[PDB]
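Participant: Residue numbers (the numbering used here): 3 to 380. For every residue, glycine included, the Cβ atom is placed at its ideal position computed from N, Cα and C. Sending over a structure as structure tokens; questions will come in a sec.
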Ligand SMILES: O=C(O)[C@H]1O[C@@H](O)[C@H](O)[C@@H](O)[C@@H]1O
């Protein structure tokens with residue numbers, strides 16, 4: 003036990019590195035939104051209880067190129083809740099403020115991403131039409147303002163909803179993938195679709211270089227994988243990309259000849275889509291507490307670290323690792339030797355891109371101690 007560390011934060015009911023500091027956000031026992039930071043390679047957190055008290059309880063944070071922390075949280079799912087630190091490096095937040103002042107009345111699932119040269123992307127689920135719709139904004143560091151990038155990017159044309167995940171790669175390309183859902187029931191999830199943008203969201207492409215004419219519907223979407231309804235396909239997972247801009251999507255579903263849903267990796271190598279089963283599960287479950295977690299991935303030129311949690315492994319924090327997604331065997335290990343129950347993984351996206359260090363937000367999930375697990379990957 004030389005390498006890996008389980009670093010205490012504090013007890014609670016995202017995680018992002020900027021420079022040599024790691025920031026964290028969580029709700030304490032009294033329901034207050036807390037912002038914290040540490041120097042990397044130390045275990046001392048500075049923890050700041052904010053003035054804000056808590057699509058139930060979601061917090062997204064990101065630091066811009068000037069070092070300001072941007073924070074958005076979703077409690078009630080109505081008006082946008084968005085704040086910014088008072089100064090570079092500060093954990094103190096200002097008053098709530100608008101972004102564009104348009105379509106900010108029915109906001110859930112806020113998400114920030116970094117863009118090239120210190121700008122930020124913001125994506126949220128807008129309910130102002132009556133159904134969830136992906137709305138995308140950009141924060142320009144040179145004029146210190148938010149602008150709308152797309153009002154309608156994925157269009158379910160009154161027949162369906164979309165559940166998306168995004169990743170901004172090390173070259174500044176925005177990757178987007180999603181599943182469709184036909185009705186209120188989770189069993190009506192189907193398919194995995196893809197798009198990417200090289201120009202901060204103005205123009206979108208398929209992986210084969212064909213340009214989309216927006217909006218993207220079920221008819222014109224690129225299908226990374228055709229997966230029918232009633233396949234135990236989960237919605238709202240995650241995706242990543244390697245340094246070469248190839249996308250990787252982590253999710254799970256059941257093949258038509260099995261009763262057992264399996265973790266999957268779906269990726270495009272520049273020529274075609276592939277998918278591969280990640281572990282060798284034996285225990286059936288249906289979505290119609292889910293016994294497995296939505297997965298997270300980090301990648302290094304085809305080498306994958308695939309983080310999950312499964313009742314078959316005692317609900318530990320688990321990892322599947324392959325040296326090469328195309329040809330190598332998966333090695334499956336547990337990063338903890340204790341159960342974290344209903345935990346789902348999240349990781350410090352920026353720390354992996356900048357330093358190739360994998361840090362996970364770990365907490366026993368039904369006040370429980372929050373930890374940063376510093377995993378070994380090389
Ligand atoms: O240069 C920047 O600010 C950002 O550029 C983005 O494309 C990268 O994904 C992010 O890791 C960088 O921090």
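(1) Could you pull out every unbroken beta strand (DSSP E) segment of at least 3 residues lying fully inside the region 25 to 104, listed in chain order?
(2) Under 7 Å, do residue 85 and residue 73 count as touching if we go by C-beta distance?
(3) Consider the C-beta atom of residue 174 and the heavy atoms of ligand 1; say whether any pair is separated by less than 6 Å.
(4) I'd like the list of long-range same chain contacts for residue 339, defined as Cβ closer than 8 Å, with 5 residues on each side in sequence excluded.
(5) What are the boundary residues of the beta strand (DSSP E) that includes residue 148?
(6) If contacts are defined as beta-carbon pairs under 8 Å, then residue 239 and residue 167 qualify, I think. What distance do you get, rounded to the angstrom?
(7) Looking at the structure shown, is residue 353 part of a helix, part of a strand, or coil, going by DSSP?
(8) Straight-line CA distance for residue 182 to residue 224?
(9) What is the rounded straight-line gap between the Cα of residue 248 and the Cα of residue 378?
(10) Could you give the distance in angstroms between the alpha-carbon of residue 97 and the alpha-carbon of residue 15?
(11) Under the rule that 16 or more other beta-carbon atoms within 10 Å means buried, what is residue 263, buried or exposed?
(12) Short of 7 Å in beta carbon distance, which residues of its chain neighbour residue 65, apart from the five on each side in sequence? Order them along the chain.
(13) Applying the 10 Å Cβ sphere with the 16-neighbour rule, what's the burial state of residue 253?
(14) Give the secondary structure of residue 189 by DSSP, where H, G and I count as helix, E and B as strand, and everything else as coil.
(15) Just checking residue 170 against ligand 1 - is the residue's beta carbon closer than 6 Å to any of the ligand's heavy atoms?
(16) Mind checking residue 83: buried by the 16 CB within 10 Å criterion, or exposed?
(17) I need the DSSP call for residue 120, collapsed to helix, strand or coil.
(18) If I measure Cβ to Cβ from residue 305 and keep anything under 6 Å in the same chain, skipping five residues before and after, which residues do I get?
(19) Can you have a look at residue 204 and say buried or exposed, based on whether 16 or more other CB atoms are within 10 angstroms of its CB?
Facilitator: Taking the geometry as given:
(1) 34 to 41, 48 to 55, 60 to 65, 71 to 76 and 84 to 86
(2) yes
(3) yes
(4) 318
(5) 147 to 152
(6) 6 Å
(7) helix
(8) 12 Å
(9) 24 Å
(10) 24 Å
(11) buried
(12) 18, 20, 25 and 71
(13) buried
(14) helix
(15) yes
(16) buried
(17) helix
(18) 325
(19) exposed
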